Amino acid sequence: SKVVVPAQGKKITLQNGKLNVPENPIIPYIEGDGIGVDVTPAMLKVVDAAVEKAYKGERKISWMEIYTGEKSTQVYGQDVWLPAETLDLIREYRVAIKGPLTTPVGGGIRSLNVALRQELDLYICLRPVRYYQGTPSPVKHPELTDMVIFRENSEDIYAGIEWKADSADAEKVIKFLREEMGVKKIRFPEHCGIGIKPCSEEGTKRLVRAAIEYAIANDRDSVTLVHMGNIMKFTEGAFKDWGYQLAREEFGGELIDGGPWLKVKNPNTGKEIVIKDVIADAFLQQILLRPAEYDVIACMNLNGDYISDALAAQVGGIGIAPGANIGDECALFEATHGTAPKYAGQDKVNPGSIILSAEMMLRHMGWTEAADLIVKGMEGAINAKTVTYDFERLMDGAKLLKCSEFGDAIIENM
């Protein structure tokens, strides 16, 4: 019911782990709640422009609206926050894009962002953060940050295995812990809440396999594994050891000096990719202090969340950091920010994060000329100092532009 398939357009298809992409492809998009009604029109107008320019008129995306979040209840019953349908059309048309989603409070429904990521097994959350010349930054030297994050999306504490304090189930599990497993380290068991953090071999190796394979494809200098593993030996300490095992076994890694770090062969280039580890709290500090020593990061779901958001802040963008959730069978590109409902409908917020995730969506389909064009576009709009509220409270002599007008400034510069 209510999604209308367009007339002209063909579905993308998978053949030999590679995508066959039509000249006229169907790409679904979820508009988003709150500021989604503003940034999703800017993204469609500028992607459309960037492929009319790049392929001088021969390719054209056919856009199809699908639903999640608040707009879905409007469209069906107030009861439904993620229609079973949406999950099928992201896997069928293989590549889709989304704006922001908030979830109802308390009321059973778990973060919709993670319902989608987990129900479609999008196990790689990829978050590249680089500096755009001319962005107001908090830090002194932000040009030294050019990092790419592979945050694991299927596991960690972020899975949602938790029981309410004084639940009949919470008491069921703490009794099992004290009686059957000999756990003395629980300080207060009466009125206590419990969560489970799982970490496995086949889940941490599929994420670090993609992170090393991406360093090889893009001629990157190092892969850092971050983990708070001196305290959590068997979940984060295990992920450090299992990621090293994999660079030894599937990628032929070899010892530097005498440890712990390894050296890996680029087959396409013969350069030497270093594989290292930093414990995550020291890493949080390492990213402000010695940022050029780090490049590709591989980490678990909660660590990757905090590191990404921190790195995005460092370089000047809570609001223009691109995102992708990727799996073997499909992919979803998303805006990374909140719904921000106070400033919604008014067209003043920044569309940068959703536009730069449409860039990431275009590089993945293999349309790199239209994507390099959307980044030529963003570097000029900003060099020319013409920008949105969030970059103008911060600087001198910038001209203030609305959200629909800033997309038109991206087209001007490509």
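The first residue of the sequence shown is number 1, and the count goes up from there.
- For the pair 339-347 and 146-154, the mean B factor over Cα atoms is greater in 339-347.
- For the two regions 225-233 and 238-246, the entry's Cα B-factors average higher over 225-233.
- In this structure the maximum Cα B-factor among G99, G253, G316, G270 is found at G270.
- If you compare the C-alpha temperature factors of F283, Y214, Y306, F188 in the entry, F188 comes out highest.
- Annotation for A409: CA B-factor lies in the lowest third of the chain's modelled residues.
- Ranked by C-alpha B-factor against the other modelled residues of its chain, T386 falls in the highest third.
- Looking at the C-alpha B-factors along this chain, the one for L311 belongs to the lowest third.
- When all modelled residues of the chain are sorted by CA temperature factor, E369 is found within the highest third.
- In this PDB entry, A168 carries a Cα temperature factor that places it within the highest third of its chain's modelled residues.
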